[PDB]
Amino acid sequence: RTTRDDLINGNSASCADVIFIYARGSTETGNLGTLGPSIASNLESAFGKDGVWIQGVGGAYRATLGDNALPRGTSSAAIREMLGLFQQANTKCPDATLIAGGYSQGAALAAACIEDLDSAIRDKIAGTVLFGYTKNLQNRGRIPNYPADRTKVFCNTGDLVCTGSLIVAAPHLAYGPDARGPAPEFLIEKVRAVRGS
């Protein structure tokens, strides 16, 4: 449900084939928040419980609302925490395919992290989904240094954070349907594109 630490808790001798690392929105609970559990259940349906590890970004990422106003749309400490998780994935399970996602401040965090990542690890993230992307206008719907065909952005009409503002309006809280259907669909398709099935 809202906390999943499958990568941290997982045995290196029995690595999953797919590792999903997800950052929640501001003020959300656990390390998956309101959208991550829906994505997790559909990934588990696709690859099996032993086939995918679900890992939320916890630790130093406090998901504090005020940090949306910092230069990268989150804190330096939160970026360091997500970078450390990707580096743990890469060390613990070098053959696993990675996928990533984030909502709101967590979408900014995922984009900042992927931009800073060593390219050999970045290139293992087969697909990333971003919901209510707070840097959508500033980055022109892209994650710096990462291909557009591996990116999917869900930005609702009237969600002001997608249009350069930091105002939270009702469309910002309406990504439930996307997290249940098209976002797992996209991630599964991108994993099968490189892994076959």
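So that there is no doubt, residue numbering starts at 1 and follows the sequence shown.
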(request) Going by the average Cα B-factor in the PDB entry, point out whether 23-31 or 39-47 comes out higher. (result) 39-47
(request) Could you check the entry and say whether 177-185 or 7-15 has the higher mean CA B-factor? (result) 7-15
(request) Return the residue from 99, 111, 117, 78 that has the highest Cα B-factor in the entry. (result) 117
(message) Comparing recorded Cα B-factors across 107, 93, 126, 82, which one is largest?
(response) 93
(message) Quick check on the deposited entry: does the C-alpha B-factor of residue 132 sit in the lowest, middle or highest third of its chain?
(response) lowest
(message) Please place residue 56 in the lowest, middle or highest third of its chain according to the CA B-factor in the PDB entry.
(response) lowest
(message) Where does the C-alpha B-factor of residue 167 rank in its chain, lowest, middle or highest third?
(response) highest
(request) Would you mind ranking residue 63 by its C-alpha B-factor against the rest of the chain and naming the third, lowest, middle or highest? (result) middle
(request) Among all modelled residues of this chain, ranked by Cα B factor, put residue 148 in the bottom, middle or top third, i.e. lowest, middle or highest. (result) middle
